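Engineer: Those protein sequences? They're chains Z and E, same order as listed. In terms of my numbering, the first sequence is residues 2 to 136. In terms of my numbering, the second sequence is residues 2 to 136. Every residue gets a Cβ at the ideal spot worked out from N, C-alpha and C, and that includes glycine. For reference, the structure I am asking about is given below.
There are 2 protein chains.
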Amino acid sequence: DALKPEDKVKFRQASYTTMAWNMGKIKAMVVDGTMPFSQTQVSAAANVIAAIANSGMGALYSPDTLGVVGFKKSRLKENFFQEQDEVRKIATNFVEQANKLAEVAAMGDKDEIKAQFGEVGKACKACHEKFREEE
Amino acid sequence: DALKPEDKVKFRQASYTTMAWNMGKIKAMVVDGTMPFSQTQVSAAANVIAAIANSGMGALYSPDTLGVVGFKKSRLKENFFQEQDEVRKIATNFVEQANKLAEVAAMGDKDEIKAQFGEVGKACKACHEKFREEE
Ligand code: HEC
Ligand code: HEC
């Protein structure tokens, strides 16, 4: 199935947004204290994020996806395809930090989890500032 | 920061579509043979699916999400809120098959991978047949 461009955008948008839900769950439980701390729920959330980080979303990026509507018009910036090295660095760092968040969440220390959750947030943001249009 | 209904719909639609991408990758490699078999890619795809299956998506289901637009108007059918025992049966069967798919994808036995992938497929459809408006 050589995916159509619309499908590539849709799948990557879905993947990011899925990670967002699960990031939001950890945020409520270890940063904001608005949901009771649960080791099993934080660990399940961390596992989704680590899994998607390793899911090889690079196969969803090709130049003919620029400006293409998935669920909405792609917010991908075209420098993504020129600054290839910088993408790989940011992406490989994200995988490393996501892996560590799942490991730490498994062990269930709230303080350790909050620290590593912070490192993952920084990894998400590093990619967005370079390669994602805010609008 | 409890989720609004629109966000619940969007997050659950995102979650399903993410599993759909990953199921598609496994289908290509072990059923249709249109992508070369990769041990690491099949297990990474299976891992996403098991993680999302275990991600507690029940938290995204409440009656005030019926008919609500996430990425698109929700296709959730309302008989869902009438079927608590059947939803739990289908969901826990889905977790079981998804867990097993991830276990066999790690061990690398390609025909057993094809077989269990079929079992996961049946679990997806079982839920859709009762609770998702077809397109
Ligand atoms: C680059 C290597 C990225 C990393 C790491 C993360 N994100 Fe991202 N994200 C990225 C791009 C290029 C885009 C735009 C996708 C498009 O085609 O439009 C996004 C988008 C998101 C979104 C919105 C998705 C949508 O529904 O349209 C969210 C909610 C999002 N990103 C969150 C997110 C989180 C939580 C991450 C870390 C855990 C993360 N992203 C990493 C690029 C990259
Ligand atoms: C019930 C417990 C379900 C299981 C198990 C699976 N799916 Fe599902 N899916 C379900 C519902 C109720 C809906 C509609 C959600 C809404 O509010 O609109 C869906 C939707 C999908 C979609 C489309 C999502 C979108 O982008 O709008 C896909 C692609 C999908 N489902 C795929 C899918 C796969 C691959 C599954 C097995 C791995 C699977 N679903 C299981 C309910 C349930």
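#1: For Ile27/Z, verify whether its CB is less than 7 angstroms away from any heavy atom of ligand 1.
#2: With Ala51/Z and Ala103/Z assumed to form a contact (beta carbons below 8 angstroms), what rounded beta-carbon distance in angstroms separates them?
#3: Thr93/E versus chain Z: which residues are under 7 angstroms apart at the beta carbon?
#4: Per the DSSP calculation, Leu77/E is bridged to which residue(s)?
#5: If you run the structure through DSSP and keep just helix, strand and coil, what is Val69/E?
#6: Taking 7 angstroms as the line, does the beta carbon of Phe81/Z fall inside it for any heavy atom of ligand 2?
#7: Just curious, the alpha helix (DSSP H) that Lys28/E is in, first and last residue?
#8: List, in order along the chain, the chain E residues whose C-beta lies closer than 7 angstroms to that of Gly57/Z?
#9: In the DSSP assignment, find the alpha helix (DSSP H) that holds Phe82/E and state where it starts and stops.
#10: Do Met24/Z and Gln42/Z count as a contact pair if the criterion is CB distance below 8 angstroms?
#11: Give a single yes or no on whether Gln14/Z has its beta carbon closer than 7 angstroms to a heavy atom of ligand 2.
#12: Below 9 angstroms on C-beta distance, what does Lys11/Z contact in chain E?
#13: Run the proximity test for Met30/Z: is its beta-carbon closer than 7 angstroms to any non-hydrogen atom belonging to ligand 1?
#14: By the 7 angstroms beta-carbon criterion, what residues does the stretch 23-36 of chain E contribute toward chain Z?
#15: Is the closest heavy atom of ligand 2 to the C-beta of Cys128/Z under 7 angstroms?
#16: Hey, quick one: how far does the alpha helix (DSSP H) through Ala47/E stretch, first residue to last?
#17: Measuring alpha carbon to alpha carbon, tell me which of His129/Z, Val121/Z, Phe72/Z and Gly57/Z ends up nearest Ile27/E.
#18: Between the stretch 98-126 of chain E and chain Z, which residues of the former have CB atoms less than 8 angstroms from a CB of the latter, in chain order?
#19: Spell out whether any CB of chain B is found under 8 angstroms from the CB atom of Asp2/E.
#20: Can you pull the chain Z residues whose beta carbon is under 8 angstroms from the beta carbon of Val69/E, in chain order?
Structural biologist: The answer reads as follows:
#1: no
#2: 4 angstroms
#3: None at all; the shortest Cβ gap to chain Z is about 14 angstroms.
#4: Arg133/E
#5: Looking at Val69/E - three-state DSSP - the assignment turns out to be coil, as it is neither helix nor strand.
#6: No; taking the cut-off as 7 angstroms, the Cβ of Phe81/Z has no heavy atom of ligand 2 nearer than that.
#7: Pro6 to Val31
#8: Taking a Cβ-Cβ cut-off of 7 angstroms, the neighbours of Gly57/Z in chain E comprise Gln42 and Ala45, given in sequence order.
#9: Taken as a continuous stretch (DSSP letters only), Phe82/E belongs to no alpha helix (DSSP H), as it is neither H nor E.
#10: no
#11: no
#12: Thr18, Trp22 and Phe72
#13: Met30/Z has its CB no nearer than 7 angstroms to any heavy atom of ligand 1.
#14: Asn23, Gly25, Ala29 and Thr35
#15: no
#16: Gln40 to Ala54
#17: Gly57/Z
#18: So nothing in the stretch comes that close.
#19: Going by chain labels, chain B is absent from the structure shown, which instead holds the protein chains Z and E.
#20: Against chain Z, the beta carbon of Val69/E has no neighbour under 8 angstroms; the closest one sits roughly 15 angstroms away.
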